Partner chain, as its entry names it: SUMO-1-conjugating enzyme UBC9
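As structure tokens, one chain now follows by itself in the form deposited without its partner chain.
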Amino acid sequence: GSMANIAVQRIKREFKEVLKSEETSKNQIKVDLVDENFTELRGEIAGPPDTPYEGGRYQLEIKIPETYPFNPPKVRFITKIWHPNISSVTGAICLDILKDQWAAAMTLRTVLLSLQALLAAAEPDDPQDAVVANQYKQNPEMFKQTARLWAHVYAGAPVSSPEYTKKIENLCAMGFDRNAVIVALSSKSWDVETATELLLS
């Protein structure tokens, strides 16, 4: 149940390359094996500095395709994040190289570093999440407060808005699922009432 030689050799040398990078030694990126045949790795990138993601660590799900290196790996955020180019529900990534701009010269390391660059420079005009993309543009300060809250509760970042977490708690007291309440409130400009109806939809 193994992959073709060119695929295995590529993944094995790129796995090593990541493990020996200056970026990994500085805890910026990392990757582990999940499947013994290299068909599924587990990544983790650190939230970039001077970013709502600063302090956060984000786990990735890397699934290597049988066609590697001629096709890109399927990458998805395991750790919930609030970003224009990432689905706040599934973790699906909307990025260049993971779709139509992948090149055979790219590596596991390059994909990890690029996902880290994406966190530091979003593309709300080519979003993966319309709800997030829009908030990013219409009310930037609310997006930054929500991204930072998502970073703290899901990725270990320092800690955000007491106001937000008081509302989260109020809705959870009403018996709603915490994760549902967080994305509901984050999608309704943090209005408890409009968020409550969305939770009843």
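Numbering follows the first chain given and starts at 1.
There is also a form deposited with its partner chain bound; it is not shown, and the following applies to it.
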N5 versus its partner chain, in the deposited bound form: is there a non-hydrogen atom within 4.5 Å?
no
Just to confirm, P162 within 4.5 Å of its partner chain in the deposited bound form by heavy atoms?
no
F70, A103 and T107 - do all three of these have some heavy atom no more than 4.5 Å from its partner chain in the deposited bound form?
no
